[PDB]
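Next up, my_file24.pdb (PDB, C-alpha atoms and all ligand atoms):
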```
ATOM      1  CA  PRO Z 101     -16.341   1.861 -14.675
ATOM      2  CA  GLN Z 102     -16.492   4.964 -12.509
ATOM      3  CA  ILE Z 103     -18.197   4.091  -9.222
ATOM      4  CA  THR Z 104     -19.591   6.786  -7.014
ATOM      5  CA  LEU Z 105     -20.048   6.285  -3.319
ATOM      6  CA  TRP Z 106     -23.600   7.336  -2.486
ATOM      7  CA  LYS Z 107     -24.353   3.607  -2.022
ATOM      8  CA  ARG Z 108     -22.009   0.813  -0.951
ATOM      9  CA  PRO Z 109     -19.685  -0.172  -3.851
ATOM     10  CA  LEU Z 110     -20.954  -3.697  -4.206
ATOM     11  CA  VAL Z 111     -20.008  -5.807  -7.190
ATOM     12  CA  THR Z 112     -20.398  -9.396  -8.306
ATOM     13  CA  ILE Z 113     -17.366 -11.624  -7.965
ATOM     14  CA  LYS Z 114     -16.870 -15.183  -9.171
ATOM     15  CA  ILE Z 115     -14.778 -17.643  -7.212
ATOM     16  CA  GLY Z 116     -14.935 -21.397  -7.411
ATOM     17  CA  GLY Z 117     -17.530 -21.128 -10.170
ATOM     18  CA  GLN Z 118     -19.842 -19.333  -7.723
ATOM     19  CA  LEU Z 119     -21.218 -15.787  -7.995
ATOM     20  CA  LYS Z 120     -21.108 -13.751  -4.792
ATOM     21  CA  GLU Z 121     -21.552 -10.105  -3.836
ATOM     22  CA  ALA Z 122     -18.525  -8.249  -2.439
ATOM     23  CA  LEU Z 123     -17.616  -4.754  -1.303
ATOM     24  CA  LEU Z 124     -14.802  -2.848  -2.966
ATOM     25  CA  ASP Z 125     -12.853  -1.641   0.060
ATOM     26  CA  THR Z 126      -9.937   0.732  -0.202
ATOM     27  CA  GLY Z 127      -9.503   0.590   3.554
ATOM     28  CA  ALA Z 128      -8.832  -3.160   3.491
ATOM     29  CA  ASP Z 129      -5.278  -4.264   2.915
ATOM     30  CA  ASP Z 130      -6.559  -7.745   2.241
ATOM     31  CA  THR Z 131      -9.394  -9.599   0.521
ATOM     32  CA  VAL Z 132     -11.505 -11.588   2.936
ATOM     33  CA  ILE Z 133     -14.565 -13.655   2.152
ATOM     34  CA  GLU Z 134     -17.114 -15.595   4.123
ATOM     35  CA  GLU Z 135     -16.675 -19.291   4.766
ATOM     36  CA  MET Z 136     -16.392 -21.329   1.594
ATOM     37  CA  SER Z 137     -14.334 -24.177   0.147
ATOM     38  CA  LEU Z 138     -11.114 -23.260  -1.671
ATOM     39  CA  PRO Z 139      -8.514 -25.605  -3.060
ATOM     40  CA  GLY Z 140      -5.062 -26.162  -1.749
ATOM     41  CA  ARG Z 141      -3.312 -25.529   1.511
ATOM     42  CA  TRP Z 142      -3.836 -22.569   3.754
ATOM     43  CA  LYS Z 143      -1.648 -20.631   6.166
ATOM     44  CA  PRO Z 144      -2.663 -18.714   9.286
ATOM     45  CA  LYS Z 145      -3.165 -14.972   9.256
ATOM     46  CA  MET Z 146      -4.342 -12.330  11.715
ATOM     47  CA  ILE Z 147      -6.213  -9.325  10.373
ATOM     48  CA  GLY Z 148      -7.200  -6.180  12.176
ATOM     49  CA  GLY Z 149     -10.374  -4.278  11.831
ATOM     50  CA  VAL Z 150     -12.402  -1.754  13.679
ATOM     51  CA  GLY Z 151     -13.201  -4.132  16.558
ATOM     52  CA  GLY Z 152      -9.845  -5.872  16.886
ATOM     53  CA  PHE Z 153      -7.779  -8.652  15.319
ATOM     54  CA  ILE Z 154      -9.147 -12.060  14.209
ATOM     55  CA  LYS Z 155      -7.778 -15.283  12.762
ATOM     56  CA  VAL Z 156      -8.474 -16.184   9.144
ATOM     57  CA  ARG Z 157      -7.297 -18.817   6.646
ATOM     58  CA  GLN Z 158      -4.949 -17.557   3.935
ATOM     59  CA  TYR Z 159      -5.140 -19.204   0.536
ATOM     60  CA  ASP Z 160      -2.667 -18.003  -2.045
ATOM     61  CA  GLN Z 161      -2.929 -17.876  -5.841
ATOM     62  CA  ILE Z 162      -6.701 -18.196  -6.050
ATOM     63  CA  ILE Z 163      -8.496 -17.383  -9.287
ATOM     64  CA  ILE Z 164     -11.174 -14.769  -8.838
ATOM     65  CA  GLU Z 165     -13.181 -12.515 -11.188
ATOM     66  CA  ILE Z 166     -14.156  -9.082  -9.842
ATOM     67  CA  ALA Z 167     -16.789  -7.102 -11.733
ATOM     68  CA  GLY Z 168     -15.682  -8.983 -14.815
ATOM     69  CA  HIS Z 169     -11.961  -8.422 -14.315
ATOM     70  CA  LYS Z 170      -9.744 -11.395 -13.726
ATOM     71  CA  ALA Z 171      -7.371 -11.624 -10.803
ATOM     72  CA  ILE Z 172      -5.252 -14.371  -9.281
ATOM     73  CA  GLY Z 173      -4.053 -13.748  -5.733
ATOM     74  CA  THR Z 174      -4.442 -14.184  -2.017
ATOM     75  CA  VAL Z 175      -7.926 -14.719  -0.578
ATOM     76  CA  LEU Z 176      -8.512 -14.871   3.153
ATOM     77  CA  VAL Z 177     -11.455 -16.871   4.488
ATOM     78  CA  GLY Z 178     -12.981 -16.105   7.901
ATOM     79  CA  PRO Z 179     -15.781 -14.538   9.945
ATOM     80  CA  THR Z 180     -16.129 -11.259   8.080
ATOM     81  CA  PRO Z 181     -19.382  -9.279   8.094
ATOM     82  CA  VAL Z 182     -19.369  -9.015   4.278
ATOM     83  CA  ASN Z 183     -17.180 -10.243   1.423
ATOM     84  CA  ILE Z 184     -14.414  -7.640   1.055
ATOM     85  CA  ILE Z 185     -12.217  -6.986  -1.957
ATOM     86  CA  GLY Z 186      -9.098  -5.258  -0.616
ATOM     87  CA  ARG Z 187      -6.115  -3.530  -2.079
ATOM     88  CA  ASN Z 188      -4.195  -6.700  -2.964
ATOM     89  CA  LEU Z 189      -6.833  -7.432  -5.650
ATOM     90  CA  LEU Z 190      -7.991  -3.866  -6.344
ATOM     91  CA  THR Z 191      -4.457  -3.190  -7.667
ATOM     92  CA  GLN Z 192      -4.615  -6.195  -9.961
ATOM     93  CA  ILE Z 193      -7.790  -4.929 -11.588
ATOM     94  CA  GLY Z 194      -6.292  -1.452 -11.965
ATOM     95  CA  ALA Z 195      -8.503   0.398  -9.505
ATOM     96  CA  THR Z 196      -7.732   3.880  -8.378
ATOM     97  CA  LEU Z 197      -9.383   6.510  -6.190
ATOM     98  CA  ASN Z 198     -10.025   9.803  -7.955
ATOM     99  CA  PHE Z 199     -11.269  13.182  -6.788
TER
ATOM    100  CA  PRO D   1      -5.770  13.584  -7.764
ATOM    101  CA  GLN D   2      -5.566   9.932  -8.767
ATOM    102  CA  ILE D   3      -4.571   7.689  -5.862
ATOM    103  CA  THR D   4      -3.222   4.212  -6.580
ATOM    104  CA  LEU D   5      -3.759   1.427  -4.137
ATOM    105  CA  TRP D   6      -0.362  -0.036  -3.850
ATOM    106  CA  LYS D   7      -0.225   1.340  -0.311
ATOM    107  CA  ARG D   8      -2.835   2.600   2.089
ATOM    108  CA  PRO D   9      -4.605   5.707   0.723
ATOM    109  CA  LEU D  10      -3.768   8.045   3.553
ATOM    110  CA  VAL D  11      -4.351  11.782   3.411
ATOM    111  CA  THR D  12      -4.114  14.751   5.729
ATOM    112  CA  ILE D  13      -7.301  16.057   7.208
ATOM    113  CA  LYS D  14      -8.160  19.065   9.351
ATOM    114  CA  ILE D  15     -10.858  18.556  11.930
ATOM    115  CA  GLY D  16     -11.635  20.575  15.046
ATOM    116  CA  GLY D  17      -8.571  22.692  14.461
ATOM    117  CA  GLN D  18      -6.355  19.602  14.396
ATOM    118  CA  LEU D  19      -4.310  17.983  11.635
ATOM    119  CA  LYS D  20      -4.615  14.214  11.407
ATOM    120  CA  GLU D  21      -3.773  11.406   9.006
ATOM    121  CA  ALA D  22      -6.770   9.437   7.749
ATOM    122  CA  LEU D  23      -7.569   6.539   5.441
ATOM    123  CA  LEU D  24      -9.853   7.078   2.443
ATOM    124  CA  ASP D  25     -12.129   4.080   2.908
ATOM    125  CA  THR D  26     -14.781   3.102   0.383
ATOM    126  CA  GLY D  27     -15.724   0.177   2.661
ATOM    127  CA  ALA D  28     -16.728   2.510   5.545
ATOM    128  CA  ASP D  29     -20.284   3.880   5.528
ATOM    129  CA  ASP D  30     -19.341   6.774   7.782
ATOM    130  CA  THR D  31     -16.289   8.658   8.965
ATOM    131  CA  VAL D  32     -14.765   7.628  12.323
ATOM    132  CA  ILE D  33     -11.967   9.464  14.071
ATOM    133  CA  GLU D  34      -9.876   8.576  17.134
ATOM    134  CA  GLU D  35     -10.797  10.190  20.435
ATOM    135  CA  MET D  36     -10.992  13.976  20.312
ATOM    136  CA  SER D  37     -13.281  16.777  21.407
ATOM    137  CA  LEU D  38     -15.822  18.186  18.954
ATOM    138  CA  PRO D  39     -18.344  20.981  19.534
ATOM    139  CA  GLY D  40     -22.091  20.464  19.872
ATOM    140  CA  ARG D  41     -24.519  17.731  20.556
ATOM    141  CA  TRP D  42     -23.806  14.054  20.140
ATOM    142  CA  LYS D  43     -25.487  10.724  20.591
ATOM    143  CA  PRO D  44     -24.109   7.241  21.110
ATOM    144  CA  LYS D  45     -23.812   4.664  18.336
ATOM    145  CA  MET D  46     -22.301   1.235  17.740
ATOM    146  CA  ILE D  47     -20.368   0.485  14.533
ATOM    147  CA  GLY D  48     -19.137  -2.896  13.524
ATOM    148  CA  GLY D  49     -16.652  -4.549  11.302
ATOM    149  CA  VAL D  50     -13.965  -7.186  11.334
ATOM    150  CA  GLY D  51     -13.427  -8.044  14.930
ATOM    151  CA  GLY D  52     -16.874  -6.848  16.127
ATOM    152  CA  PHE D  53     -18.270  -3.534  17.294
ATOM    153  CA  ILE D  54     -17.119  -0.371  19.053
ATOM    154  CA  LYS D  55     -19.122   2.371  20.747
ATOM    155  CA  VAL D  56     -18.689   5.851  19.298
ATOM    156  CA  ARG D  57     -20.158   9.339  19.722
ATOM    157  CA  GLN D  58     -22.040  10.652  16.702
ATOM    158  CA  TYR D  59     -21.604  14.373  15.962
ATOM    159  CA  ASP D  60     -23.626  15.824  13.075
ATOM    160  CA  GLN D  61     -22.836  18.821  10.843
ATOM    161  CA  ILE D  62     -19.093  18.781  11.386
ATOM    162  CA  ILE D  63     -16.733  20.368   8.855
ATOM    163  CA  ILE D  64     -13.626  18.504   7.813
ATOM    164  CA  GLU D  65     -10.976  19.535   5.272
ATOM    165  CA  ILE D  66      -9.836  16.397   3.358
ATOM    166  CA  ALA D  67      -6.678  16.738   1.336
ATOM    167  CA  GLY D  68      -7.580  20.396   0.743
ATOM    168  CA  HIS D  69     -11.284  19.809   0.080
ATOM    169  CA  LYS D  70     -13.974  20.960   2.518
ATOM    170  CA  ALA D  71     -16.967  18.803   3.347
ATOM    171  CA  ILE D  72     -19.603  18.721   6.045
ATOM    172  CA  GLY D  73     -21.365  15.768   7.591
ATOM    173  CA  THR D  74     -21.521  13.297  10.449
ATOM    174  CA  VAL D  75     -18.364  12.373  12.222
ATOM    175  CA  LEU D  76     -18.127   9.463  14.637
ATOM    176  CA  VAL D  77     -15.572   9.612  17.433
ATOM    177  CA  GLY D  78     -14.290   6.615  19.356
ATOM    178  CA  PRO D  79     -11.599   3.972  19.788
ATOM    179  CA  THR D  80     -10.983   3.202  16.109
ATOM    180  CA  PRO D  81      -7.527   1.837  15.341
ATOM    181  CA  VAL D  82      -7.155   4.218  12.390
ATOM    182  CA  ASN D  83      -8.846   7.460  11.414
ATOM    183  CA  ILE D  84     -11.223   6.703   8.555
ATOM    184  CA  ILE D  85     -12.924   8.957   6.008
ATOM    185  CA  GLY D  86     -15.988   7.026   4.917
ATOM    186  CA  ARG D  87     -18.481   7.313   2.123
ATOM    187  CA  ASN D  88     -20.595  10.008   3.809
ATOM    188  CA  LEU D  89     -17.741  12.458   3.292
ATOM    189  CA  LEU D  90     -16.049  10.859   0.251
ATOM    190  CA  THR D  91     -19.158  11.641  -1.763
ATOM    191  CA  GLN D  92     -18.906  15.325  -0.875
ATOM    192  CA  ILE D  93     -15.388  15.671  -2.295
ATOM    193  CA  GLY D  94     -16.463  13.850  -5.461
ATOM    194  CA  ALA D  95     -14.424  10.723  -4.888
ATOM    195  CA  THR D  96     -14.902   7.792  -7.209
ATOM    196  CA  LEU D  97     -13.362   4.386  -7.699
ATOM    197  CA  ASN D  98     -12.210   3.849 -11.273
ATOM    198  CA  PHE D  99     -11.123   0.763 -13.164
TER
HETATM  199  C1  LIG B 201     -15.187  -4.055   7.349
HETATM  200  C2  LIG B 201     -15.855  -2.917   6.552
HETATM  201  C3  LIG B 201     -17.208  -3.420   6.034
HETATM  202  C4  LIG B 201     -16.014  -1.648   7.413
HETATM  203  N1  LIG B 201     -14.786  -1.165   7.999
HETATM  204  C5  LIG B 201     -13.980  -0.411   7.067
HETATM  205  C6  LIG B 201     -12.786  -1.207   6.543
HETATM  206  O1  LIG B 201     -12.215  -0.582   5.391
HETATM  207  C7  LIG B 201     -11.700  -1.452   7.575
HETATM  208  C8  LIG B 201     -11.010  -0.147   8.019
HETATM  209  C9  LIG B 201      -9.878  -0.359   9.010
HETATM  210  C10 LIG B 201      -8.541  -0.487   8.637
HETATM  211  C11 LIG B 201      -7.575  -0.696   9.620
HETATM  212  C12 LIG B 201      -7.947  -0.962  10.917
HETATM  213  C13 LIG B 201      -9.243  -0.814  11.349
HETATM  214  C14 LIG B 201     -10.177  -0.542  10.356
HETATM  215  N2  LIG B 201     -10.680  -2.361   7.018
HETATM  216  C15 LIG B 201     -10.478  -3.603   7.473
HETATM  217  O2  LIG B 201     -11.120  -4.144   8.383
HETATM  218  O3  LIG B 201      -9.463  -4.233   6.853
HETATM  219  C16 LIG B 201      -9.325  -5.642   7.164
HETATM  220  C17 LIG B 201     -10.259  -6.512   6.336
HETATM  221  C18 LIG B 201      -9.332  -7.229   5.334
HETATM  222  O4  LIG B 201      -8.161  -6.383   5.284
HETATM  223  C19 LIG B 201      -7.937  -6.058   6.664
HETATM  224  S1  LIG B 201     -14.893  -0.635   9.557
HETATM  225  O5  LIG B 201     -13.548  -0.111   9.942
HETATM  226  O6  LIG B 201     -15.271  -1.830  10.394
HETATM  227  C20 LIG B 201     -16.061   0.651   9.740
HETATM  228  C21 LIG B 201     -17.409   0.384   9.919
HETATM  229  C22 LIG B 201     -18.356   1.393   9.985
HETATM  230  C23 LIG B 201     -18.007   2.726   9.759
HETATM  231  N3  LIG B 201     -18.934   3.683   9.770
HETATM  232  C24 LIG B 201     -16.673   3.006   9.509
HETATM  233  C25 LIG B 201     -15.738   1.973   9.478
HETATM  234 CL    CL B 202     -23.002 -13.317  -1.698
HETATM  235 CL    CL B 203     -18.228 -23.471  -0.935
HETATM  236 CL    CL B 204     -20.447  -6.225 -10.981
HETATM  237 CL    CL B 205      -2.356 -11.093  -3.659
HETATM  238 CL    CL B 206     -16.121   0.120  22.525
HETATM  239 CL    CL B 207     -23.365  12.657   6.773
HETATM  240 CL    CL B 208     -21.621  12.504  -7.902
HETATM  241 NA    NA B 209     -11.950 -26.054   2.904
HETATM  242 NA    NA B 210      -3.053 -21.870  -3.063
HETATM  243 NA    NA B 211     -23.675  19.035  15.539
END
```

What do you get writing this file as structure tokens?
Amino acid sequence: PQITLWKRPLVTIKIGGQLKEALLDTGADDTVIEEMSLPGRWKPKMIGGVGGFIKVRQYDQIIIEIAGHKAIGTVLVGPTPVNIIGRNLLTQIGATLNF
Amino acid sequence: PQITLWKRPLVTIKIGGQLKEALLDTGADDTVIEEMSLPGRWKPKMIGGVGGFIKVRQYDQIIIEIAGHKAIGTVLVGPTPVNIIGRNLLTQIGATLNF
């Protein structure tokens, strides 16, 4: 699709068999989602946003569908205001910015 | 242009006579720039994200040049860690996300 930006670019994602809403975020290096159960081990990560840096859990090689496109990659879990799809998965689904 | 997302989508902007680097950020509702002077009236605002909230000054009807493209709209000014061009001005330059 071609998504304009008059509204927030919210899509449906599927992770762990669950549908969730997430924001496509070109300003996010990383994908971060609200607290949920993911398989496997995690590693610690600090991520920086507008208000400062916070600790999240990093799970690697997680299967995730984004707007119907499949991806397998790193998902961070932590106290984010919204589910965010960042550049690490936007690249896998072939997203670009155009103007 | 078509901008891939392998690295941060940074562009040059001109605002208030000044050249700055800024992030094209589909996850940002509005544009927020590091501390600088702008002409006219302003009012305080809080904006929030990962890590919490910051206080900014809201200036309306400000012209920016974004990668060569002029727009006008609200610009927030405050202690953001990165200059961000948000949706309020991305729409005006016709930016879309494509995949
Ligand atoms: C969190 C989203 C919903 C909103 N933010 C935009 C995001 O793109 C934000 C931009 C940014 C990049 C680098 C450092 C600081 C900020 N990236 C972000 O936090 O990256 C994290 C999440 C995972 O990857 C790392 S905002 O900055 O809080 C914000 C809020 C309101 C307005 N009007 C403008 C901006
Ligand atoms: Cl949800
Ligand atoms: Cl869960
Ligand atoms: Cl969708
Ligand atoms: Cl990844
Ligand atoms: Cl503050
Ligand atoms: Cl505006
Ligand atoms: Cl349009
Ligand atoms: Na868990
Ligand atoms: Na894993
Ligand atoms: Na004004």

**Request:** May I have the residues within 8 Å of ligand CL 203 (chain B), computed using all atoms listed in the file, as a ChimeraX atom specification?
**Result:** /Z:116,135-138

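The two copies, chain Z and chain D, share one sequence, and their C-alpha RMSD after a least-squares fit comes to 0.6 Å.
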
**Request:** Would you kindly report the residues of chain Z within 12 Å of chain D, using all atoms listed in the file, as a ChimeraX atom specification?
**Result:** /Z:101-110,122-134,146-156,166-169,178-199

**Message:** Env of residue 157 (chain Z): 9 Å cut, atoms = all atoms listed in the file, seq-sep filter 2 positions within chain, self excluded. Answer as a list in words.
**Reply:**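 What passes the distance filter is residues 142, 143, 144, 145, 146, 155, 159, 175, 176, 177 and 178 of chain Z.
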
**Message:** One decimal, in Å: what's the spacing between CA of residue 39 (chain D) and CA of residue 70 (chain D)?
**Reply:**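 A separation of 17.6 Å between them.
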
**Contacts of ligand NA 211 (chain B), 6 Å or closer, only C-alpha atoms and all ligand atoms, given as a list in words** =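 Those within range of ligand NA 211 (chain B) are residues 40, 41, 59, 60 and 61 of chain D.
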
**Message:** Calculated over only C-alpha atoms and all ligand atoms, which of the candidates D:18, D:58, D:74, D:12 has the smallest distance to ligand CL 207 (chain B)?
**Reply:**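 Counting only C-alpha atoms and all ligand atoms, the residue closest to ligand CL 207 (chain B) is D:74.
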
Where is the centre and how long are the edges: axis-aligned box on region 165-178 of chain Z, 8 Å on each side, Å to one decimal, as AutoDock Vina command-line options:
```
--center_x -10.4 --center_y -12.0 --center_z -3.5 --size_x 28.7 --size_y 25.8 --size_z 38.7
```

**Message:** Can you measure CA of residue 72 (chain D) to atom CL of ligand CL 207 (chain B) for me? One decimal in Å is fine.
**Reply:** 7.2 Å

**Asked** What does the distance from CA of residue 164 (chain Z) to CA of residue 113 (chain Z) come to in Å, to one decimal?
**Response**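 It comes out at 7.0 Å.
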
**Message:** Restricting the calculation to all atoms listed in the file: of Z:163, Z:120, Z:173, Z:111, which residue gets closest to ligand CL 202 (chain B)?
**Reply:**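 Among the listed residues, the smallest separation from ligand CL 202 (chain B) belongs to Z:120.
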